[PDB]
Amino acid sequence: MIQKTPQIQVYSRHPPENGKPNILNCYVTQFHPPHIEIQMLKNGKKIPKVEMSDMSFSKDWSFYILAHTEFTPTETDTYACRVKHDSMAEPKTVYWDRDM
């Protein structure tokens, strides 16, 4: 009773070239309270040193944050982002997609 549904976007910083190092972004926005849990996943498994940006909010009081980690895409590996905010019954997982 102090929340608002979050928006998520998974995407590389640079256009995806397999074998070539890139960076994977998880842009989570539109949530509140500022309290949120974020995991980047590689083949269904939690990636370690995932960096978070500093907390910020928009003119509508909602908060947004960018979770990112270096990664090198490969025809087979699958990445995704998982978010668990108190404004959601269940956590949300959204898979990356080199075409988006």
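Heads up: residue numbers just count along the shown sequence, starting at 1. Here, rigid core means the biggest group of C-alpha atoms that superpose within 1.5 Å across both forms.
Greater C-alpha displacement in 7 other deposited structures of this protein (rigid core superposition, RMS over structures and residues), of 53 to 61 versus 36 to 44: 53 to 61.
Comparing the deposited coordinates for 1 to 9 and 90 to 98, the stretch with the larger average C-alpha B-factor is 1 to 9. Higher mean CA B-factor, judged across 31 to 39 and 56 to 64 from the recorded values: 31 to 39.
Per the deposited record, the Cα B-factor of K20 falls in the highest third when ranked against the other modelled residues of its chain. In the deposited entry, the Cα temperature factor of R82 places it in the lowest third of its chain's modelled residues.
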